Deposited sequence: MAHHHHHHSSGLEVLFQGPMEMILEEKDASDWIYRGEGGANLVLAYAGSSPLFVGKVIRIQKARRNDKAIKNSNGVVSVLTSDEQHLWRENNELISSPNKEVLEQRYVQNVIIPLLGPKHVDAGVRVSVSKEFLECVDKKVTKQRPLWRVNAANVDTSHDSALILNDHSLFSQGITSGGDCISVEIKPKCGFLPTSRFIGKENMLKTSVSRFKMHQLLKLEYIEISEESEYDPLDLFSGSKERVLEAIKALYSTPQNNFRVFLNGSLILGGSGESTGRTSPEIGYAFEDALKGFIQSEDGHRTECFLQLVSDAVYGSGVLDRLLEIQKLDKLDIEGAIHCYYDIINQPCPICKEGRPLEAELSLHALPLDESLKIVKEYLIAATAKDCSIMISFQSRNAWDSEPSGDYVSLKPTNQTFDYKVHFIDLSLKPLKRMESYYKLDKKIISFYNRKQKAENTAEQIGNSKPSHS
C-alpha cells in the first residue's frame, strides 16, 4: 500500500562507529556494546576479531583453513567451505557444538558486513580503554568484511556474572608416564597457577578449584563461587547494568581486598535487599543456585571429556595426521598403529574438548519491583538466564603448543614439589 524497498544486507559504514562502546576483549576477539537507536541493535554486542601483530594456501592466498583442518573437519561440508573466519566460527557453533551442547544456552551469532573504515575507527577509538598489553599484542584485523552480532547477556536493575570454569576433571590415561603421575592427582588448573607466578601473570595463587565447580555437589559449587569472588583473576567478573564492578576488564585482577570488598557490598545496594555487611554473601549464594540449578555445567563437562587420552597421547595422533616423524616417540608403536580415521577423531575430539575448556558462561540477573530462583534468605525472587560464550574453534596447528605447555606445567610442578 506504500512502496517498501526489498531486503538489503546491513553494512556498518565509517559513520556508525560512534554507536559502540568498549565492553571487553579476550586473546582473540574485541567485544563492544551498542549505545544508540536502531532496534536492529538495541541490546546486542558486536564481536570483532583481533590479529596478532606477527604473521595462506599454495597460491599465496589468505586461507580460512589449512588442508589438514579441511580434512580433519570434513564431516560437514558447510563448515569446511566457509569463505571467511566469521562464517567459520558461525558454522562451528551451529554444526559441531550446538549438536553436542543443545541449543538452549548457545546462540550462534548473526553476521553483519562491515567496511574497512568502520574497523579502522573502532580500533583507534577503543585503544584507550583496553589494557595496555592487549594493544601491544593485537589490534583490530582491518581486512575482515564481516563481524559478529550477538545478544548482550548483561541486559533484558540487572546484575550479570561471568565464569570461565576451565577443565574440571583429572586425566587417567595410560600414556601419562610415571614421572608425570601428579597429573592424575592435581587439576591442571592448580599446577598452572605456579607457573603463572614464575611469570608474574598473576600475583596470588587462585582460591578457585574447578573440581569443586564441576563436582555436581551444590555444596562445593558454593565453595567455587566463594573462591571465585575471593581471587577472581580472569575467571570471574560481575557487571552492573553493563559495567564491570568486580573482576578484570579484558584482563585478570588481584585478590579482592576489603576496599574492593566494601565497594562491591554497596555496588549491590538495593539490587540485593539486605543490611550492610550481608549483601555480598547473598549474591554469592544466589549465583551458586543458578549455576547448580541449571545443570549447565554437566553437559559442558561431557564435551571436555572428549579429551579421552590427554595431550600426552593425542600428540602422537597429530604427527600422524600431518604425516610426520613423531618427535616424541624415540628410543609408542601402538597409537601409531591406528587407522587414519581413528587418528583423526582423537585429534578432532581433542580440539572440540579444547573449545569446552575455554568457553565462559554468563548468568544474568534482574530484580518484584518461569525461569528464576529465590534467595532463601532475603525473601526476593530473581529471574535469570545462562548462556555460553567463546565457543571458538581451536586451530589444529596448536597441538604442538598444547603439548609443549603441558610438558612445562608438570615439569615445573614436579620440581617445586620435590623441593621439600
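> What are the unmodelled segments when the structure is compared with the full deposited sequence, in sequence order?
Going by the record, the segments left unmodelled (no C-alpha atoms) fall at 1-12, 68-70, 172-179, 355-360, 397, 400-405, 457-470.
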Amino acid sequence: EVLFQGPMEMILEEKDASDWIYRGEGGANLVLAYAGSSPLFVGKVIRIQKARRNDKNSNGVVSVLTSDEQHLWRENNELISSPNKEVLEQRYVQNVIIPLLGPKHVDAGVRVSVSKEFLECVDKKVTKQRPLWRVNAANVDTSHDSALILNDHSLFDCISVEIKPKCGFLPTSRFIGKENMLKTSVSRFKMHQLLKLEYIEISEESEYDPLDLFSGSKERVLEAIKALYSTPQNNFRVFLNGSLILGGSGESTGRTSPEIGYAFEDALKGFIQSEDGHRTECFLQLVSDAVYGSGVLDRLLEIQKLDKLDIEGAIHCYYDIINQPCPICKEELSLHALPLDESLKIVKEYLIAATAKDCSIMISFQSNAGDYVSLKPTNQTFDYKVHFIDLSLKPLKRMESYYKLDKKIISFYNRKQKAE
From here on, numbers count along this sequence of modelled residues.
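Rigid core (definition): largest C-alpha set, two forms, superposition within 1.5 Å.
> Line up the rigid core: which moves more in 4 other deposited structures of this protein, 73-81 or 332-340, by C-alpha RMS?
Stretch with the larger root mean square C-alpha distance in 4 other deposited structures of this protein: 332-340.
> Would you say residue 33 is commonly dropped, meaning unmodelled in a third or more of the other compared entries that have residues on each side of it?
Residue status for residue 33: no gap in any other entry.
> Is residue 370 unresolved, in the sense of carrying no coordinates, in at least a third of the other compared entries?
Yes, residue 370 lacks coordinates in at least a third of the other entries compared.
> If you take the mean CA temperature factor per stretch, which one wins between 307-315 and 259-267?
Mean B over CA atoms: larger for 259-267.
> I need to verify one thing: averaged over C-alpha atoms only, is the B-factor higher for 202-210 or for 139-147?
On average, C-alpha B-factors are higher across 139-147.
> Tell me which of 84, 185, 231, 285 tops the list for C-alpha B factor in the record.
Across 84, 185, 231, 285, the entry lists the biggest C-alpha B-factor for 285.
> Tell me, please, which of 80, 246, 170, 126 has the highest C-alpha B factor according to the deposited entry?
It is 126.
> Where does the C-alpha B-factor of residue 364 rank in its chain, lowest, middle or highest third?
Middle third.
> Sorting by Cα B-factor within the chain, modelled residues only, which third would residue 165 end up in: lowest, middle or highest?
For residue 165, the deposited C-alpha B-factor lands in the lowest third.
> Please say which third, lowest, middle or highest, residue 54 falls into when its CA temperature factor is compared across its chain.
Within its chain, residue 54 is a highest-third residue by C-alpha B-factor, going by the deposited values.
> Would you check the entry's CA temperature factor for residue 223 and let me know if it's in the chain's lowest, middle or highest third?
Middle third by C-alpha B-factor.
> State the tercile, meaning the lowest, middle or highest third, of residue 348 with respect to the CA B-factors recorded for its chain.
Lowest third.
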